[PDB]
2 protein chains.
Amino acid sequence: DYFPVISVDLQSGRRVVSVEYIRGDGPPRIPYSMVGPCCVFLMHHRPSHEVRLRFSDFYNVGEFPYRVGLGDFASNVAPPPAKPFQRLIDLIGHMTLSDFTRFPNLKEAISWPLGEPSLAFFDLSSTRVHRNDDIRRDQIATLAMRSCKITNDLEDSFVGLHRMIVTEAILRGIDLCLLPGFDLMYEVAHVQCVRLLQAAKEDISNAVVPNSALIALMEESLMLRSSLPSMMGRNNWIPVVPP
Amino acid sequence: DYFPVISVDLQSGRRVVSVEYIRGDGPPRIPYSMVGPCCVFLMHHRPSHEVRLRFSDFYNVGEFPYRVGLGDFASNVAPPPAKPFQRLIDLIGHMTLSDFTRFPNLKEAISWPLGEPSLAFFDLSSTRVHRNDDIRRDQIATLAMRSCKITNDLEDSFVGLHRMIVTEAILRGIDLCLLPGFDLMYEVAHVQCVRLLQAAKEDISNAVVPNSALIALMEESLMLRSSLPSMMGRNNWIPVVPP
């Protein structure tokens with residue numbers, strides 16, 4: 001049906017990876033998987049039709065779930081109990097990058113996982129943004145590839161992105177019941193939200209002038225402190241020296 | 001016996017984490033582990049005395065090996081089949097950082113995992129450098145903490161460092177039989193060596209003047225191409241635009 005084509009091109013004085021899905025049938029590939037809208041062709045992983053709790057429960061044993069995510073089907077990775085930052089994500093996705101890079105700690109918080117500030121995962125996780133499925137799949141695969149900084153393999157990019165998510169969750173004390181690999185863009189945006197909530201403390205401690213970003217983050221922090229403080233992660237954020 | 005004390009201090013205009021081991025007995029802590037020379041006190045992980053093949057076989061089930069590494073004891077993580085880059089590591093550890101940062105691709109290759117160029121893991125993995133065990137343990141714990149960029153937990157720093165190693169191994173096609181968590185500094189230096197070998201191709205393709213670094217890397221690449229090409233990883237290195 002659709003083949004991913006990975007192309008390394010020069011943009012903004014940086015050589016960056018992109019993925020574009022192109023129509024082509026011939027004989028369709030037999031081993032394949034659907035990670036959200038993205039079609040992945042499995043070279044090193046055996047597709048599996050079992051339903052398991054975590055994405056890692058597949059790729060840790062050399063397998064790959066048949067199909068994952070929301071849709072007119074049954075995901076082979078059982079959905080998380082909740083997506084508790086979805087309101088904050090919807091609120092951030094309608095904001096510009098300059099709202100965060102003006103503050104150092106917020107910039108550092110959203111630097112992960114691409115190594116540069118980026119609100120792309122917030123846009124792809126928001127429910128109040130509407131995009132075609134083709135552009136969505138291209139952007140999701142591109143972000144998975146750009147997180148891992150490789151050029152050739154796409155299934156390993158999704159495995160690496162989930163592994164990065166779980167590593168940051170373990171470091172920041174995020175509960176792993178909420179990050180099973182169901183909707184990888186939401187997991188990245190969730191961990192970025194936890195990092196943002198930890199960074200906003202240092203930003204207000206540095207006596208900055210709140211914009212909409214800090215107002216939203218402080219409202220969320222207040223509500224969470226009242227209801228479920230442990231959801232905000234651990235307090236192990238390195239303050240960023242102001243330039 | 002020795003307690004790790006984690007201190008976040010300003011150095012070189014950057015706020016950075018350090019770990020220093022300080023003598024103190026009182027009642028010694030009951031749950032504890034030895035990762036190499038480093039003493040780790042387990043809050044979230046149950047110590048285990050079983051012998052397993054991978055470090056991940058412990059921390060993936062909420063455990064932590066009793067003691068790991070070389071020494072007058074039996075490591076609870078079975079040693080790797082080989083440490084095949086030890087000669088290259090010994091050769092690189094006697095070199096200065098400026099030998100790599102002069103080339104862009106080598107600088108990018110050794111940027112991982114700390115996000116900045118660093119030969120610290122090469123120094124701590126080399127066999128032809130001699131250091132006291134106290135300074136060694138301080139440096140190992142400091143590097144584990146600085147890889148993860150957190151400030152408070154030390155066992156989670158070692159778990160995160162191993163998870164980062166395995167993520168990069170999976171991305172670069174490195175065989176995971178060689179990275180079980182036995183000597184984490186060697187694993188970091190091994191993955192950095194694979195990245196360096198992949199980057200030296202682009203560096204010579206950019207027609208640079210070889211220094212000792214490129215000479216050593218090309219000799220190793222030639223020997224490996226003759227004997228075991230698959231040890232050099234996959235050819236998925238993004239070329240770095242020359243500044």
# chains A, B, ... in the order shown; residues from 1 in each chain; ligands from 1

$ calpha_fit_and_write --fixed "chain B" --moving "chain A" --output "compact mmCIF listing (two decimals) with C-alpha atoms, in the first residue's frame"
# COMPACT_ATOMS: atom_id res chain seq x y z
CA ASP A 1 31.04 2.65 55.14
CA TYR A 2 30.95 5.25 52.35
CA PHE A 3 27.94 7.42 51.58
CA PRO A 4 27.47 9.10 48.20
CA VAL A 5 26.78 12.82 48.54
CA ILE A 6 25.32 14.46 45.45
CA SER A 7 26.03 18.17 45.07
CA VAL A 8 24.90 20.51 42.31
CA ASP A 9 27.52 23.23 41.83
CA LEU A 10 28.40 25.93 39.31
CA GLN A 11 31.44 25.19 37.14
CA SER A 12 32.49 26.86 33.87
CA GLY A 13 29.24 28.82 33.74
CA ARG A 14 27.17 25.63 33.91
CA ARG A 15 25.33 24.14 36.87
CA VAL A 16 26.53 20.54 37.00
CA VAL A 17 25.99 17.53 39.26
CA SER A 18 28.82 15.82 41.12
CA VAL A 19 29.00 12.85 43.48
CA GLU A 20 31.53 12.53 46.28
CA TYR A 21 31.88 9.53 48.58
CA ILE A 22 32.32 10.41 52.26
CA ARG A 23 33.27 8.10 55.12
CA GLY A 24 30.51 7.46 57.63
CA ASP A 25 29.32 4.36 59.48
CA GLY A 26 26.59 4.84 62.09
CA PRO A 27 24.32 1.92 61.42
CA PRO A 28 25.31 0.86 57.89
CA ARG A 29 22.45 0.73 55.41
CA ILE A 30 20.97 -2.74 54.96
CA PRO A 31 19.87 -2.68 51.28
CA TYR A 32 22.87 -1.77 49.15
CA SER A 33 24.81 -2.79 46.07
CA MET A 34 28.25 -2.41 44.50
CA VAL A 35 28.31 -1.22 40.90
CA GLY A 36 32.02 -1.54 40.29
CA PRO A 37 33.69 0.50 43.01
CA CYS A 38 30.55 2.57 43.60
CA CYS A 39 28.32 1.85 46.60
CA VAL A 40 24.64 2.38 45.77
CA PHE A 41 21.90 2.45 48.40
CA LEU A 42 18.69 0.93 47.11
CA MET A 43 15.42 2.76 47.75
CA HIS A 44 13.24 1.46 44.91
CA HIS A 45 15.04 -1.77 43.98
CA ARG A 46 15.30 -5.03 45.87
CA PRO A 47 18.87 -6.36 46.01
CA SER A 48 19.21 -9.81 44.47
CA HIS A 49 21.92 -12.45 44.83
CA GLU A 50 21.05 -14.41 41.69
CA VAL A 51 23.43 -14.52 38.73
CA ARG A 52 21.81 -13.35 35.51
CA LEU A 53 23.07 -12.51 32.05
CA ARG A 54 22.02 -8.87 31.81
CA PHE A 55 21.82 -5.92 34.17
CA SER A 56 18.39 -5.30 32.67
CA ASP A 57 17.27 -8.74 33.84
CA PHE A 58 17.40 -7.26 37.34
CA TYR A 59 16.08 -3.73 37.03
CA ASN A 60 13.33 -4.69 34.58
CA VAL A 61 11.67 -6.65 37.39
CA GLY A 62 12.29 -4.06 40.09
CA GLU A 63 15.49 -5.64 41.40
CA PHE A 64 19.12 -4.68 41.50
CA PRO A 65 22.13 -7.02 41.37
CA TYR A 66 23.94 -7.39 44.66
CA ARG A 67 27.38 -6.66 43.21
CA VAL A 68 28.59 -6.17 39.64
CA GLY A 69 31.93 -6.01 37.88
CA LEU A 70 35.44 -7.31 38.29
CA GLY A 71 36.84 -7.90 41.74
CA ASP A 72 37.52 -10.46 44.45
CA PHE A 73 33.98 -11.76 44.21
CA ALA A 74 31.37 -13.22 41.87
CA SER A 75 29.52 -10.63 39.80
CA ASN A 76 25.76 -11.08 39.71
CA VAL A 77 25.76 -9.96 36.07
CA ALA A 78 27.58 -12.56 34.00
CA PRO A 79 30.58 -11.05 32.19
CA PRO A 80 30.34 -10.38 28.46
CA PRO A 81 31.89 -12.80 25.97
CA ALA A 82 34.47 -10.17 25.05
CA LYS A 83 35.56 -6.55 25.42
CA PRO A 84 36.65 -6.21 21.82
CA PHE A 85 37.40 -2.47 21.69
CA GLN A 86 39.73 -2.51 24.69
CA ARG A 87 42.84 -1.87 22.59
CA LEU A 88 41.23 1.06 20.79
CA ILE A 89 39.95 2.37 24.13
CA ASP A 90 43.44 2.15 25.63
CA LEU A 91 44.74 4.03 22.59
CA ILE A 92 42.10 6.77 22.78
CA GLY A 93 42.34 7.24 26.54
CA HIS A 94 45.89 8.58 26.14
CA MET A 95 44.67 11.34 23.83
CA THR A 96 43.37 14.86 24.35
CA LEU A 97 39.85 16.06 23.64
CA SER A 98 41.16 18.56 21.08
CA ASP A 99 42.18 15.61 18.89
CA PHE A 100 38.47 14.95 18.27
CA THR A 101 36.71 18.32 18.50
CA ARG A 102 38.78 19.62 15.57
CA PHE A 103 36.67 17.34 13.34
CA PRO A 104 32.89 17.82 13.38
CA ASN A 105 31.82 14.20 12.98
CA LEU A 106 34.16 12.92 15.70
CA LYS A 107 32.91 15.67 18.01
CA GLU A 108 29.33 14.58 17.37
CA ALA A 109 30.29 10.93 17.87
CA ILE A 110 31.77 11.54 21.32
CA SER A 111 29.04 14.00 22.32
CA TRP A 112 26.88 11.05 23.40
CA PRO A 113 25.82 10.34 26.19
CA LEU A 114 26.54 13.55 28.11
CA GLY A 115 25.40 15.82 25.29
CA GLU A 116 28.87 17.40 25.14
CA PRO A 117 32.19 16.06 23.85
CA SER A 118 33.87 13.96 26.51
CA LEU A 119 36.61 11.34 26.71
CA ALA A 120 35.88 10.58 30.36
CA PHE A 121 34.52 7.10 29.66
CA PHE A 122 37.61 6.26 27.62
CA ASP A 123 39.78 7.25 30.58
CA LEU A 124 37.72 5.21 33.02
CA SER A 125 37.70 2.18 30.69
CA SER A 126 41.37 2.17 29.71
CA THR A 127 43.68 -0.47 31.19
CA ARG A 128 46.81 1.67 30.77
CA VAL A 129 45.63 4.42 33.14
CA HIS A 130 46.05 3.90 36.88
CA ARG A 131 43.79 5.65 39.38
CA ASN A 132 42.91 5.20 43.02
CA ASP A 133 39.67 3.38 43.74
CA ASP A 134 38.18 6.36 45.60
CA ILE A 135 38.66 8.85 42.77
CA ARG A 136 37.51 6.13 40.37
CA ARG A 137 34.25 5.60 42.23
CA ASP A 138 33.63 9.34 42.50
CA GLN A 139 34.17 9.80 38.77
CA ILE A 140 32.05 6.79 37.80
CA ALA A 141 29.11 7.94 39.92
CA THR A 142 29.50 11.50 38.65
CA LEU A 143 29.41 10.34 35.03
CA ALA A 144 26.38 8.15 35.67
CA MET A 145 24.60 11.14 37.20
CA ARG A 146 25.66 13.56 34.44
CA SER A 147 24.46 11.20 31.70
CA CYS A 148 20.94 11.24 33.14
CA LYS A 149 20.88 14.96 34.06
CA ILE A 150 19.05 14.45 37.37
CA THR A 151 20.10 15.55 40.85
CA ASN A 152 18.85 13.16 43.47
CA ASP A 153 18.83 9.40 42.79
CA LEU A 154 21.95 7.33 42.15
CA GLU A 155 20.53 3.86 41.49
CA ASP A 156 18.16 5.31 38.92
CA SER A 157 21.19 6.98 37.35
CA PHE A 158 22.90 3.63 36.80
CA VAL A 159 19.68 2.10 35.49
CA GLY A 160 19.23 5.05 33.15
CA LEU A 161 22.82 4.88 31.93
CA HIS A 162 22.47 1.21 31.06
CA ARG A 163 19.14 1.89 29.36
CA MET A 164 20.78 4.63 27.29
CA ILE A 165 23.60 2.27 26.34
CA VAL A 166 21.17 -0.40 25.18
CA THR A 167 19.07 2.14 23.27
CA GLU A 168 22.09 3.36 21.33
CA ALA A 169 23.24 -0.22 20.77
CA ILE A 170 19.86 -1.10 19.28
CA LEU A 171 19.88 2.00 17.08
CA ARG A 172 23.45 1.46 15.84
CA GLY A 173 23.04 -2.28 15.38
CA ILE A 174 25.56 -3.17 18.07
CA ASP A 175 25.31 -6.73 19.35
CA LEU A 176 23.77 -6.71 22.82
CA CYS A 177 25.63 -9.82 23.96
CA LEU A 178 28.59 -7.47 24.50
CA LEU A 179 26.71 -4.92 26.65
CA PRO A 180 25.16 -6.73 29.63
CA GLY A 181 25.87 -4.06 32.24
CA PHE A 182 29.06 -5.67 33.54
CA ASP A 183 31.34 -2.60 33.31
CA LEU A 184 29.17 0.36 32.36
CA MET A 185 32.10 2.63 31.55
CA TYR A 186 33.35 0.08 29.05
CA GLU A 187 29.90 -0.14 27.47
CA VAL A 188 29.73 3.63 27.06
CA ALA A 189 33.22 3.68 25.59
CA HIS A 190 32.33 0.77 23.28
CA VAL A 191 29.26 2.51 21.89
CA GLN A 192 31.28 5.71 21.55
CA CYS A 193 33.91 3.72 19.64
CA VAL A 194 31.27 2.38 17.26
CA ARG A 195 29.98 5.92 16.72
CA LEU A 196 33.55 7.12 16.17
CA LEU A 197 34.17 4.40 13.59
CA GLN A 198 31.00 5.41 11.76
CA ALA A 199 31.91 9.11 11.93
CA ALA A 200 35.49 8.67 10.71
CA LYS A 201 34.12 7.55 7.34
CA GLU A 202 32.39 10.90 6.84
CA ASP A 203 35.42 12.73 8.21
CA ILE A 204 37.78 11.16 5.67
CA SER A 205 35.11 11.68 3.00
CA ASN A 206 35.28 15.39 3.88
CA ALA A 207 39.03 15.32 3.08
CA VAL A 208 40.51 16.34 6.41
CA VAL A 209 44.14 16.03 7.55
CA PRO A 210 44.41 12.91 9.75
CA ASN A 211 45.73 13.26 13.28
CA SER A 212 46.48 10.38 15.64
CA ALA A 213 42.74 9.99 16.28
CA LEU A 214 41.85 9.40 12.64
CA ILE A 215 44.90 7.17 12.12
CA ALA A 216 43.88 4.92 15.00
CA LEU A 217 40.24 4.86 13.93
CA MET A 218 41.13 4.00 10.33
CA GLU A 219 43.50 1.23 11.42
CA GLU A 220 40.76 -0.26 13.58
CA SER A 221 38.22 0.11 10.77
CA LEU A 222 40.53 -1.66 8.32
CA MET A 223 41.21 -4.55 10.69
CA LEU A 224 37.50 -4.92 11.44
CA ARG A 225 36.50 -4.75 7.78
CA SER A 226 38.95 -7.57 7.13
CA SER A 227 37.89 -9.74 10.08
CA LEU A 228 34.41 -8.89 11.43
CA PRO A 229 32.61 -6.09 9.56
CA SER A 230 29.36 -6.54 11.49
CA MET A 231 31.15 -5.39 14.62
CA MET A 232 31.35 -1.87 13.20
CA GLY A 233 27.59 -1.48 13.54
CA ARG A 234 25.16 -0.34 10.89
CA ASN A 235 25.85 2.41 8.37
CA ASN A 236 23.25 4.88 9.60
CA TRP A 237 25.30 7.89 10.66
CA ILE A 238 23.91 11.33 9.81
CA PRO A 239 26.76 13.42 8.37
CA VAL A 240 27.39 16.64 10.27
CA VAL A 241 27.46 19.84 8.23
CA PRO A 242 30.94 21.39 8.55
CA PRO A 243 30.83 24.80 10.30

$ select_by_dssp --residues "stretch 2-224 of chain B" --states "alpha helix (DSSP H)" --output "PyMOL selection string"
chain B and resi 56-59+86-93+98-101+104-111+120-125+133-148+155-172+184-205+212-224

$ decode --residues "stretch 167-192 of chain B" --atoms "N, CA, C and O atoms" --output "PDB file, in the first residue's frame"
ATOM      1  N   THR B 167      19.800   1.443  24.320  1.00  0.00           N
ATOM      2  CA  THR B 167      19.068   2.141  23.270  1.00  0.00           C
ATOM      3  C   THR B 167      19.986   2.490  22.109  1.00  0.00           C
ATOM      4  O   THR B 167      19.652   2.249  20.945  1.00  0.00           O
ATOM      5  N   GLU B 168      21.159   3.047  22.407  1.00  0.00           N
ATOM      6  CA  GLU B 168      22.095   3.359  21.333  1.00  0.00           C
ATOM      7  C   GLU B 168      22.629   2.108  20.652  1.00  0.00           C
ATOM      8  O   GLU B 168      22.879   2.126  19.448  1.00  0.00           O
ATOM      9  N   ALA B 169      22.825   1.024  21.394  1.00  0.00           N
ATOM     10  CA  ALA B 169      23.243  -0.220  20.766  1.00  0.00           C
ATOM     11  C   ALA B 169      22.198  -0.718  19.785  1.00  0.00           C
ATOM     12  O   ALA B 169      22.530  -1.152  18.681  1.00  0.00           O
ATOM     13  N   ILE B 170      20.928  -0.667  20.171  1.00  0.00           N
ATOM     14  CA  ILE B 170      19.861  -1.104  19.279  1.00  0.00           C
ATOM     15  C   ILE B 170      19.808  -0.222  18.043  1.00  0.00           C
ATOM     16  O   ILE B 170      19.645  -0.711  16.921  1.00  0.00           O
ATOM     17  N   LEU B 171      19.941   1.091  18.225  1.00  0.00           N
ATOM     18  CA  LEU B 171      19.881   1.996  17.084  1.00  0.00           C
ATOM     19  C   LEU B 171      21.047   1.779  16.129  1.00  0.00           C
ATOM     20  O   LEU B 171      20.860   1.753  14.909  1.00  0.00           O
ATOM     21  N   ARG B 172      22.253   1.615  16.659  1.00  0.00           N
ATOM     22  CA  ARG B 172      23.446   1.465  15.839  1.00  0.00           C
ATOM     23  C   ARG B 172      23.724   0.026  15.446  1.00  0.00           C
ATOM     24  O   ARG B 172      24.753  -0.239  14.827  1.00  0.00           O
ATOM     25  N   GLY B 173      22.849  -0.906  15.793  1.00  0.00           N
ATOM     26  CA  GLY B 173      23.038  -2.281  15.377  1.00  0.00           C
ATOM     27  C   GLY B 173      24.162  -2.994  16.090  1.00  0.00           C
ATOM     28  O   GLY B 173      24.695  -3.976  15.566  1.00  0.00           O
ATOM     29  N   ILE B 174      24.532  -2.532  17.261  1.00  0.00           N
ATOM     30  CA  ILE B 174      25.558  -3.174  18.068  1.00  0.00           C
ATOM     31  C   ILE B 174      24.964  -4.424  18.694  1.00  0.00           C
ATOM     32  O   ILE B 174      23.794  -4.446  19.080  1.00  0.00           O
ATOM     33  N   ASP B 175      25.763  -5.480  18.766  1.00  0.00           N
ATOM     34  CA  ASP B 175      25.307  -6.730  19.350  1.00  0.00           C
ATOM     35  C   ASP B 175      25.196  -6.577  20.860  1.00  0.00           C
ATOM     36  O   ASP B 175      26.137  -6.137  21.522  1.00  0.00           O
ATOM     37  N   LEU B 176      24.040  -6.929  21.411  1.00  0.00           N
ATOM     38  CA  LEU B 176      23.768  -6.713  22.824  1.00  0.00           C
ATOM     39  C   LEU B 176      24.364  -7.780  23.720  1.00  0.00           C
ATOM     40  O   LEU B 176      24.295  -7.648  24.940  1.00  0.00           O
ATOM     41  N   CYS B 177      24.924  -8.843  23.150  1.00  0.00           N
ATOM     42  CA  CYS B 177      25.631  -9.820  23.965  1.00  0.00           C
ATOM     43  C   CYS B 177      26.838  -9.184  24.636  1.00  0.00           C
ATOM     44  O   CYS B 177      27.258  -9.629  25.706  1.00  0.00           O
ATOM     45  N   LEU B 178      27.378  -8.126  24.040  1.00  0.00           N
ATOM     46  CA  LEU B 178      28.586  -7.466  24.502  1.00  0.00           C
ATOM     47  C   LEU B 178      28.326  -6.361  25.507  1.00  0.00           C
ATOM     48  O   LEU B 178      29.284  -5.803  26.047  1.00  0.00           O
ATOM     49  N   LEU B 179      27.070  -6.010  25.750  1.00  0.00           N
ATOM     50  CA  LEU B 179      26.709  -4.921  26.651  1.00  0.00           C
ATOM     51  C   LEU B 179      25.674  -5.433  27.640  1.00  0.00           C
ATOM     52  O   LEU B 179      24.481  -5.137  27.513  1.00  0.00           O
ATOM     53  N   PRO B 180      26.093  -6.217  28.629  1.00  0.00           N
ATOM     54  CA  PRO B 180      25.155  -6.731  29.629  1.00  0.00           C
ATOM     55  C   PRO B 180      25.034  -5.888  30.887  1.00  0.00           C
ATOM     56  O   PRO B 180      24.206  -6.212  31.742  1.00  0.00           O
ATOM     57  N   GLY B 181      25.812  -4.821  31.018  1.00  0.00           N
ATOM     58  CA  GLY B 181      25.870  -4.061  32.244  1.00  0.00           C
ATOM     59  C   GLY B 181      26.995  -4.441  33.170  1.00  0.00           C
ATOM     60  O   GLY B 181      26.973  -4.041  34.335  1.00  0.00           O
ATOM     61  N   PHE B 182      27.970  -5.211  32.692  1.00  0.00           N
ATOM     62  CA  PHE B 182      29.057  -5.674  33.543  1.00  0.00           C
ATOM     63  C   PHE B 182      29.957  -4.523  33.978  1.00  0.00           C
ATOM     64  O   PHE B 182      30.225  -4.351  35.171  1.00  0.00           O
ATOM     65  N   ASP B 183      30.429  -3.714  33.027  1.00  0.00           N
ATOM     66  CA  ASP B 183      31.342  -2.602  33.308  1.00  0.00           C
ATOM     67  C   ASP B 183      30.860  -1.388  32.529  1.00  0.00           C
ATOM     68  O   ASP B 183      31.384  -1.100  31.455  1.00  0.00           O
ATOM     69  N   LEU B 184      29.928  -0.634  33.117  1.00  0.00           N
ATOM     70  CA  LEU B 184      29.165   0.358  32.365  1.00  0.00           C
ATOM     71  C   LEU B 184      30.051   1.366  31.651  1.00  0.00           C
ATOM     72  O   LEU B 184      29.706   1.836  30.561  1.00  0.00           O
ATOM     73  N   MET B 185      31.190   1.722  32.242  1.00  0.00           N
ATOM     74  CA  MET B 185      32.097   2.628  31.552  1.00  0.00           C
ATOM     75  C   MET B 185      32.639   2.010  30.278  1.00  0.00           C
ATOM     76  O   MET B 185      32.782   2.701  29.263  1.00  0.00           O
ATOM     77  N   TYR B 186      32.931   0.712  30.296  1.00  0.00           N
ATOM     78  CA  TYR B 186      33.352   0.083  29.054  1.00  0.00           C
ATOM     79  C   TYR B 186      32.231   0.076  28.030  1.00  0.00           C
ATOM     80  O   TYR B 186      32.491   0.237  26.841  1.00  0.00           O
ATOM     81  N   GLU B 187      30.986  -0.154  28.447  1.00  0.00           N
ATOM     82  CA  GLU B 187      29.900  -0.138  27.472  1.00  0.00           C
ATOM     83  C   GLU B 187      29.741   1.234  26.839  1.00  0.00           C
ATOM     84  O   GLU B 187      29.524   1.343  25.628  1.00  0.00           O
ATOM     85  N   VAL B 188      29.831   2.293  27.639  1.00  0.00           N
ATOM     86  CA  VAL B 188      29.728   3.627  27.065  1.00  0.00           C
ATOM     87  C   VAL B 188      30.871   3.872  26.098  1.00  0.00           C
ATOM     88  O   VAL B 188      30.667   4.393  24.997  1.00  0.00           O
ATOM     89  N   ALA B 189      32.089   3.495  26.483  1.00  0.00           N
ATOM     90  CA  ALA B 189      33.225   3.684  25.591  1.00  0.00           C
ATOM     91  C   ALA B 189      33.116   2.825  24.338  1.00  0.00           C
ATOM     92  O   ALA B 189      33.561   3.243  23.271  1.00  0.00           O
ATOM     93  N   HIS B 190      32.518   1.641  24.437  1.00  0.00           N
ATOM     94  CA  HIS B 190      32.334   0.774  23.278  1.00  0.00           C
ATOM     95  C   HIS B 190      31.350   1.379  22.290  1.00  0.00           C
ATOM     96  O   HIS B 190      31.590   1.382  21.077  1.00  0.00           O
ATOM     97  N   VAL B 191      30.223   1.884  22.786  1.00  0.00           N
ATOM     98  CA  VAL B 191      29.264   2.511  21.885  1.00  0.00           C
ATOM     99  C   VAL B 191      29.845   3.788  21.298  1.00  0.00           C
ATOM    100  O   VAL B 191      29.615   4.111  20.128  1.00  0.00           O
ATOM    101  N   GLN B 192      30.619   4.530  22.089  1.00  0.00           N
ATOM    102  CA  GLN B 192      31.285   5.710  21.554  1.00  0.00           C
ATOM    103  C   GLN B 192      32.316   5.338  20.502  1.00  0.00           C
ATOM    104  O   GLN B 192      32.514   6.084  19.545  1.00  0.00           O
TER     105      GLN B 192
END
